[PDB]
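*Asks:* sharing an experimental structure here, sequence included.
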Amino acid sequence: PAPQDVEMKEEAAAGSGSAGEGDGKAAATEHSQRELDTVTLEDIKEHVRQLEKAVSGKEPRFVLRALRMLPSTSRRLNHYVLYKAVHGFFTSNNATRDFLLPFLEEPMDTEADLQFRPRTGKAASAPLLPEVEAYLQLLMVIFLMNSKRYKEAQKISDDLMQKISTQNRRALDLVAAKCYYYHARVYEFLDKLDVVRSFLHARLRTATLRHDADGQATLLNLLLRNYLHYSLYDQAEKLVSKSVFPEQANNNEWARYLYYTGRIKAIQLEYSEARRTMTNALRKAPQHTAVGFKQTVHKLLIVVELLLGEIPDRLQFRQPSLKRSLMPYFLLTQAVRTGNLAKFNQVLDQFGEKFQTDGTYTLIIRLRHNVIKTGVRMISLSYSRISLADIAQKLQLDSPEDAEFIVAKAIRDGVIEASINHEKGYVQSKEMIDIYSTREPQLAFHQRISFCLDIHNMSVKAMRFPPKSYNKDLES
Amino acid sequence: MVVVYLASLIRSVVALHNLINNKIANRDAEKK
Amino acid sequence: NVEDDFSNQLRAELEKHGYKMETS
Amino acid sequence: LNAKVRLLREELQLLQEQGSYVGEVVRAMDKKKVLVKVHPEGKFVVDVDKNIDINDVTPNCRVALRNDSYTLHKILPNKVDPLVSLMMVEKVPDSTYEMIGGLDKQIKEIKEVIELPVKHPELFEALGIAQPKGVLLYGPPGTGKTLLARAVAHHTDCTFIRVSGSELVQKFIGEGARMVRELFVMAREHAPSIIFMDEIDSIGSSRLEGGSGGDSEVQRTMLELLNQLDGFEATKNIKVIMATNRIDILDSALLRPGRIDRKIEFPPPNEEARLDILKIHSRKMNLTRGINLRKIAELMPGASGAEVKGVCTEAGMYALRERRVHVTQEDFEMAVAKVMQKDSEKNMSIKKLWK
Amino acid sequence: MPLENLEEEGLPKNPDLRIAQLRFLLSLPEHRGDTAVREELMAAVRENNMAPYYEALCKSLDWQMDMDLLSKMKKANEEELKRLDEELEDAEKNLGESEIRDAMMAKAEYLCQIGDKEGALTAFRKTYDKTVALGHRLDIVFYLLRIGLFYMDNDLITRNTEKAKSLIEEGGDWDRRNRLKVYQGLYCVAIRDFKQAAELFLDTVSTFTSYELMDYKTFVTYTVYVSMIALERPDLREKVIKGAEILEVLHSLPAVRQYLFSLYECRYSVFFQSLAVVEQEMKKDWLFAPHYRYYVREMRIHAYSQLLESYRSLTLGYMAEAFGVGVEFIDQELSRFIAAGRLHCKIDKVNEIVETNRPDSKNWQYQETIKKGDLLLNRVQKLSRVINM
Amino acid sequence: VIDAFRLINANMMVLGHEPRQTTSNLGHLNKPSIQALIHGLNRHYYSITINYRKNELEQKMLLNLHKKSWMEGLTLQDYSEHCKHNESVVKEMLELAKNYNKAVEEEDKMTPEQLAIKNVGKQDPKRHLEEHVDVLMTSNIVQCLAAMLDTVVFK
Amino acid sequence: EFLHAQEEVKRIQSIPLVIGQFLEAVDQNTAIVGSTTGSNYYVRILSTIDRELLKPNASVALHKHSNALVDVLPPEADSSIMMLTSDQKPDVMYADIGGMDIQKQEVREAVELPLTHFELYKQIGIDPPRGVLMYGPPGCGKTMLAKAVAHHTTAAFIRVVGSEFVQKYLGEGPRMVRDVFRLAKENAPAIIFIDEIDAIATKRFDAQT
Amino acid sequence: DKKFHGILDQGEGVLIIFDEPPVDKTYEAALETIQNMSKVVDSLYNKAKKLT
C-alpha cells in the first residue's frame, strides 16, 4: 500500500545507510571498520530489515538514497528484483518501485551519510564513488538468500559488479567483500551452469597485491563451494593446495571456509580434522546465513564420526531440537552400537537416496566396515575365548570363515590388540583393560593436556582483546 | 574471562569517546 | 546407548524359568 | 604500573603529618569557621578546606578531621545516634503473632490501639479519633505481656526503646525521670517508636510499695509530656507503654479512661495458647513422626509460654542422653514431667523463678 | 498430599508404558483444581507424551475430562479473587501490615495449587517484604518450587531451589530443611541420574512431620525402594538392615523387602526375579525414573559385579540361570560392562569356565580421574567461543 | 636515606647567603619525619649532592648468590613427596570451588567494598584457584624434568 | 623498579609503630580507626598491604612519624589476655562438690558440651547454648562449679576479672574488651568467664565523675 | 566390604589374596574436586549469554 510503503522505506534506507557510510569514511581504522561491516551490516539487511513491516522490498527509495551510476540503466536492477521472471518469493511493492529510476522523492538531503548524487558523482579516483556503488549493489542482491530467485536482476549483476571494481583500494576491498559473496551465489547456490569463476579469481589477484584480508577470504570459500555443487570435485581438491586463508579473517568467513574444507578432507580419508572443522563453524558464526547450512552440517557430521571410530551417543540428537532432520541417521547409530552387520545394510540402502544430497554418498560404502570393526573390538575385549561359530552367528557374517579373515586384518591395523587362532577354533584376547601399565598413563595425560593448551591460549588472548581496542582508543 | 568481559562492556562507552578528545586536547594545551 | 530396559525385563523373567529346568 | 610508582614517590612526603581526629559538627558560623566538637579532645572553632568537601559546613554531620589546626576534611558517610545504639546493644527478642497466639481475645485489642496509629495516624485522623496517649498493660504475671510489647515493635517496623531504669543505659542526661522530652525528640527522628516502661517485679519492688512506684513516676511525666506537646499533639506515633501487674501503683492520670486509650486485661494461658506456642517451637528441632503436638500442650499445665518452650528445650537434653539424632516421642514424655516440676516450684514460691 | 501431583506428571514420560500412566496422571489434579491452568500445562504433557484433557488432540480421550470441570474451576478461581479484593478493602481499616499480608500469601498458595505461576509470584512478593513467621516463610517459597516440578520445565526448577536453599539454613527450622530435600528429591529422579535422589529420602522419613506430605507408611515404601538403586551390599546392610527402627515398626513391605534382601544373600536368581516385576510395579505407579534405560543398566552392572567380585569361577549354567536372560544377551551386555574397567573379567565358553581377574588396584581410581575430566573438557571450548564474539 | 651537611650558621640561611656559597651544587629535599626535620635541615646546610663512584667490577660482586645452584637445578626429591604436593593442592582447590560458582554467575558489581560482601570478593576464589593451578603446574614440571635429565646423563 | 619502589614503603612501614584498632574501611584508600592512645584518627592507607583480612575489626599499625595508617597487624595479635585458668587451672572436678545433682547436670551440659564438640548438640536440632546467666543464693558456690569445668576442659577457658578491664593508662579501658573478645572469635569455641558483675557494673551510675 | 579385598575360587579350593593396595590418596582427592568444576562451568555459560 504505497501510502504506507513510504514511511517504511525512508526509515529503513536511512538506518542501514548511516551505519555503512559513517563507518567507511574514517579510512585508517581498518580492524573496526572490517568487523562492523562484514558481520553486522549484511546480517542487518537480511534478518531484521526485510521482515519488518508491510512489504519486504524497501529497495525503491534506497537506490536514490545513495548513487550507483548516474543514468537510470544501473538503477534498473532495483526494478528487476521487484518484478521480472519469477519476482522472487519476497513481498514486492505495488508501485513506486518504477522501471527505470525507482522513486521520485529523495531522502538524501545533502548528508555525508546519505550522500548527495552529483557530490558522489565527481569521485572516480576517490573511494567515495566505489563504496556507495557497492553498498547499493549489495543491498539489491541481499534478497537472494531469502528468496532463492533466479534470472531477474542477477543476469547483468555479475557484469555490473566487475565494472564497480577497478584496481580497488584496501578500504574498497573491505566494502566490496560483501558483494563478492553474492556474486558466486546467484548462479552457484541455484546451480545454473555458468562461469562465476572468472570474476572471483580476478578480484582475488587484485586484493592479494593490496593485501586486504577480507576480500581474499571471501573468494577462496566460494571457489571451493562452487565446484563441489557443480560435481566437478577434482577441481576443488587441487584448489586447496594452492589456497592460503588469512589468519586475520573474520568469524563468518572462517566458518564457511571450514565447513566447506571439512567435506573435502573427509573424502581423502581424513575424518579426524573433518569432524572438528564442521563443529566449530556453527559456534563461530551464528548468522542468518547459518540457518540454511546447519541441517547439512549435522547430517554429514554423523556419518563422518562413525568412520573416525567414535560411535556418538543419543543425547546429542536431542539437544539441537533438529532431532527429526537427524532422525534417519539416528537408526544408523543404534545399528553401530549393537555392532550387527545385517541391520546396517538394509537401513542404509532405503535411506541412502536422501544421503546423496549432503555429500555423504562417497563415504557411505566405508560406513559398512565400521559396524564390524565395533563388533570385533567388543568380542576381543569382553571375553578371552569364545568359539568362532558363536561370533559368526552374533554379528551376522556370511560365513564362520568370513569372521576369520576380517579378524585377521583388524589385528594388523592394531586397533583391536588380540590374536585369532584359526586352527584352534577361537579368538584369544591378548589385551587387558588398563591405562596404567606401560608408558601409557603419560599418553592419557598427553591427550587431556593437549586439548587444554588450545583452550588456554584462546581464553587469555580473548580477555585481552577488548582492552586492545581501548588501548588503541588511548586509555591506560 | 566472563567477569573480565562484564568490565569491558561498562568501559567501552568511555574508552570509545576518549579517542576524539585526545587530538583536540593537544591543540588546546598548546594554545593556552 | 541402545534401550536395554525394554528388552531385559521380558527376557530375564521368561528365560530364567526355562534355564531353571535346563541347568543349575 | 609506571603510574603506580610515579604516584608512590609523592605519597611518602604527603603522609608526613601531625595526625587526624574525628568529631562532629554542632553548628557552623556564618563567617565560615565551624564549631565542631572533637570527641576525645576539646571543642574547636576552625575553618574548612574547600579543595576537599563543602558538605563539612552542614550541621549535625559527623566529620573527619585532618590535624594541622583541627581542620575539617570531609563528612564521614557513617553516622550513629545513641537512640539506635540502645536498640542495638540489647538485641531485644522479637517475636511473631503465633507466640502470644492462642489468646485470640488479646490480639484484637492490642492491634487496634498501638499498631494502627503508628502505622498510619492518617486513618485515625480521617475517622476523627484522638491519637492514643497511654496504653496500660495489666494482668497477672505469665500472660506474655513483656513478649507481646517486643512482638508489636517487630510487626509495625518500629524501634523498641526500653527504659529499664538503668543508669548504664542512660547517657542522655545520665538519669531518666526528668528525661521526658529528650527521648520524644529522638523518637520522632527515628520514627515510629514505642517507649516501654517495665517492672520485672524482682528489682525495684521497694520503689512500688513506697508511694506507688518511682517507675510510675517516669510513666506519669512521659504521659503528661505526650498529652500536650508542640504541634505534635495533633499527630502522634510515639506512645508510652506501661507494664505493671497491680492496680495499687496506679495514680490519678493512669486510673481514668479518656486519658489512656486502653486498659488491657490479659486472658491467662489456656489450653489453646500452649498448643499454638508449642507448634511454632517444635519446628526448630528434629521431630519423630506420629507425635501429637495437641497431646503435649494439653498435659502441660504451664505457667507461662516460657514453660511451654521449656518442653522442647528439655527434650534436646534427653535426645543426647539416649544418643539419638532426632528427638523422639520418648524424649517428650520425660520432658513434660520435668517441666511440670518447674511449674510446681513457681506456684510454691508465689513469685517467678527468674531473678 | 501435594507430592503425588509431581510424581503423576512424571508417569507419561516413562518409555516403558505411555498409555496406562495417563489415567494415573488425571486423578489427583482433578481433585485439587488444576483444571483452570491445565489448558496451558497440556503442551508440557505432550512432550511427556499424550494427555487425556478435554482440549487435548492427543490419542487417549478414553478417560477424557468432562467440559463442566474446566468451567467449574474457572468460576471458583474468580470467586476466590472477588472475596480477596474485598478482604483487602477491609484490611486498611485494621492493621495494614497484618491483614493485607495474610490474605496476599493465602491467595498465592491457592494460585500455586492451580499451577498459575505468574499470579503466584506477585501475590507472594508483598508477604516476603513484610514480617511473617520464619517456618511459614520457608513453606511458601517451596510452593513456587512445587509449581515448576509439576510443570516440568527444567530451567525453572533451578531458580527457586537456589533461593529457598539460602533461607533454610539461615533459619532455625530443621524440620523445614528436610522438606526441601523431598522437592529436590523429585528433581533428582526427574533428571537421568537416579543415584542422587536416594539420600534425600533417607533423611526425610525421620523428620518432615505430616503436613504437605502423604502418610508415614506410603513414605517408608518410597524410602527403601530408592535406597536399593544407589547403595551396594555394605552400604545397604549397615544403613537399613542394622536398624532397631524397622523391627519396632513392623513390616508392611514384603515385595520391596525381597528386592533389598536378595542383594545380601548374593543369589542373583532371587534378584533378577524380583527385578523384572519390581521395575514395572513400582516405577509405573509413582515416578522414580522418566528414563527407563538408566534404572536397569545401573542394577545389572551391580548384580554381575558383586557376583564376580566374590567368586572367581562359575559354570555357564549357573551364570545363565542367575542373570536370567539369554547367554547371547549376557555376552553382549558384558562387553559394555568391561569398557568401564571396574568389571574386568574374561569368559571362556569353549572351555566353559568364566574367569574373573578382578583387579582392585590403583588402575580403578586412575580410570576415574581420566574418564570424568572429558565432559568438562569438551564443554569450556564451547563456552569460550560463545563469550569472545 | 643519607644526607650530607658541612654545617654553617643560622644567619647564613636567613640572609640568603647560604645558596651563594653552595654553587656547584644541585641540592634536594626529603622528609623522613615532618616539619621539625625540615627546619633543622634548613638551619644546617640542607642536602648537598651525593654522587657515587661505582663501576661494573664492584657491581658484579654485589650481584651474586649461590654457585650451589649447580647441584640444585638438577636435584628432585623422593616420589612420595611429589605425591604429597599434588594431593595437598587438589584438596585445597575443592574448598574454594563452591564460591567460584557464584562468582561466575554474578559480579556485575565493580565497586570493591560491595563486591567483597556480595560474592565473597575479598578471599576471592578466582585469585587463589589460579594461584594454585600455577604452583602445581610449575612444581610438577621442574621435578619431573630433572628426574628424566639425570637418568640419561649419568648412565 | 616496582620492587625497589615497594622497598620505599617497606622502610616507612617499620618501627616506631603504635597500635590502633581498625573500626571500618570506607574505601581501599582511606579508613577510620580508633587508636589505643585514646584518640581516633581518620587516616590515609598507603600501598603493599591487604585490606582483605582487615575489613572487619582487627589490630592495625600506625607510624608515629606520619600518625597515619602505614601497616597492618593480624586480628589475632595484640590480644590482651589469651588464656588463664587452663594453664592455671584448679584441680577441683565434679567429685569435690559431689552433691548438688541438679546444678552439676546444668553446668556440664551448658559449658563442657559446646567446647568439646559443637557438632553433636547442633545435630539434634536444638541450638548449642549462647549466653549463660547463673543465678541463685550466693551460699551454693557458683565459682566452684566454674572451677570443675575449668579443670576438665584444660583449654578454651579465658578468665577475666572485672576490675582488670578498668585502667589508669590512657585509652586502654574500652580497647581492653576488644582485644580479649576478638581473640575468642578467632580460636572458636571459647568461654569467657566474668567472676562478679555485681560490684563492677552497678544498677546506679551517677555520671558527674 | 573390602577388608583385604580378594577373589574366592570355589572351582579349585583356593582363596586368591591381593595385598598392600597401590591405591593413592592423590588420585582419590583429585576425584572430589573435579566434580565441583563441572558445576561452575554450567553457571558460567548462563551468564555468557548476556555478553553475546
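*Replies:* Yep, that arrived. Numbering: from 1, shown residues only, chains lettered A, B, ... in the order given.
*Asks:* residues touching the residue of chain E positioned farthest from its centre, list them.
*Replies:* What lies farthest from the middle of chain E is residue E:93; by CA atoms, centre = their mean that is 46.6 Å. Neighbouring residues of residue E:93 by CB atoms under 8 Å, 6 or more residues apart in numbering or on different chains: residue D:123. Yep, even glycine has a C-beta here, placed from its N, CA and C like the rest.
*Asks:* let me know whether residue A:303 touches residue A:363 as I believe.
*Replies:* Yes - the criterion here is CB atoms under 8 Å, and residue A:303 meets it with residue A:363 at 5.6 Å.
*Asks:* tell me which of the two has more neighbours.
*Replies:* residue A:303 (23 against 20; other CB atoms under 10 Å in any protein chain shown).
*Asks:* how close does that one get to residue E:262?
*Replies:* Here residue A:303 is placed at a distance of 45 Å from residue E:262 (CB to CB, to the nearest Å).
*Asks:* where does the residue farthest from the centre of chain E sit, in terms of helix or strand?
*Replies:* Under the criterion DSSP states H and E, no helix or strand holds residue E:93.
*Asks:* which strand of chain D spans the most residues?
*Replies:* strand D:20-28 (DSSP state E).
*Asks:* number of nearby residues for the residue nearest to residue A:288 when sequence neighbours are not counted?
*Replies:* Nearest residue to residue A:288 in three dimensions, chain neighbours excluded: residue A:47, at 4.3 Å (CB to CB, 6 or more residues apart in numbering or on different chains). Using other CB under 10 Å, residue A:47 has 16 other residues around it.
*Asks:* next one: residue E:136
*Replies:* There are 16 residues near residue E:136, going by other CB under 10 Å.
*Asks:* so what's it up against?
*Replies:* Contacts of residue E:136 by CB under 8 Å, 6+ apart are residue E:105.
*Asks:* and it, which of the three is it?
*Replies:* Using DSSP: H, G, I helix; E, B strand; the rest coil, the structure places residue E:136 in helix.
*Asks:* and the gap between it and chain H?
*Replies:* 30 Å (CB to the nearest CB, to the nearest Å).
*Asks:* cool, residue D:245 as well?
*Replies:* In terms of CB to the nearest CB, residue D:245 sits 58 Å off from chain H.
*Asks:* cool, and residue A:227?
*Replies:* 34 Å.
*Asks:* ok so, going back, which helices and strands does the longest strand of chain D pack with?
*Replies:* strand D:33-38, strand D:62-66, strand G:40-44 (3 or more CB pairs under 8 Å, 6 or more residues apart in numbering or on different chains; DSSP states H and E).
*Asks:* wait, isn't residue C:22 in contact with residue E:317?
*Replies:* Yes - proximity of residue C:22 to residue E:317 meets the contact threshold set by CB under 8 Å, at 7.3 Å.
*Asks:* between these two, which is the more surrounded one?
*Replies:* Neighbours were counted for residue C:22 and for residue E:317 using other CB under 10 Å; residue E:317 has more, 14 against 11.
*Asks:* circling back: let's have the helices and strands packed on strand D:20-28 in TSV, adding distance to residue A:350 and mean neighbour count.
*Replies:* Listed next are the helices and strands packed on strand D:20-28 as TSV, based on distance: least, CB to CB, whole Å; neighbours: other CB atoms under 10 Å in any protein chain shown:
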stretch	distance to residue A:350	mean neighbour count
strand D:33-38	94	18
strand D:62-66	85	22
strand G:40-44	82	23
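*Asks:* closest to chain H out of the ones you listed?
*Replies:* strand G:40-44 (36.7 Å; CB to the nearest CB).
*Asks:* give me the contacts around the following helix or strand past that closest one.
*Replies:* Downstream of strand G:40-44, the first helix or strand assigned by DSSP H and E is strand G:58-63. Contacting residues not belonging to strand G:58-63 are listed as G:12-13, G:16-22, G:33, G:35, G:41, G:43, G:54, G:68-75, G:77-78, G:179, G:182 [CB under 8 Å, 6+ apart].
*Asks:* then stretch E:246-262?
*Replies:* With CB under 8 Å, 6+ apart, stretch E:246-262 has contacts from E:217, E:220-221, E:224-225, E:227-228, E:236, E:240-241, E:268, E:270-271, E:274-275, E:278, E:281-282.
*Asks:* distance between the ends of stretch E:5-25?
*Replies:* 8 Å (CA to CA, to the nearest Å).
*Asks:* quick one: buried residues of that stretch?
*Replies:* If you call a residue buried by 16 or more other CB atoms under 10 Å in any protein chain shown, then stretch E:5-25 has these buried ones: E:5-14, E:16, E:18, E:21-22, E:24-25.
*Asks:* swap in stretch D:21-35?
*Replies:* So for stretch D:21-35, counting by 16+ other CB under 10 Å, buried means D:21, D:22, D:23, D:24, D:25, D:28, D:34.
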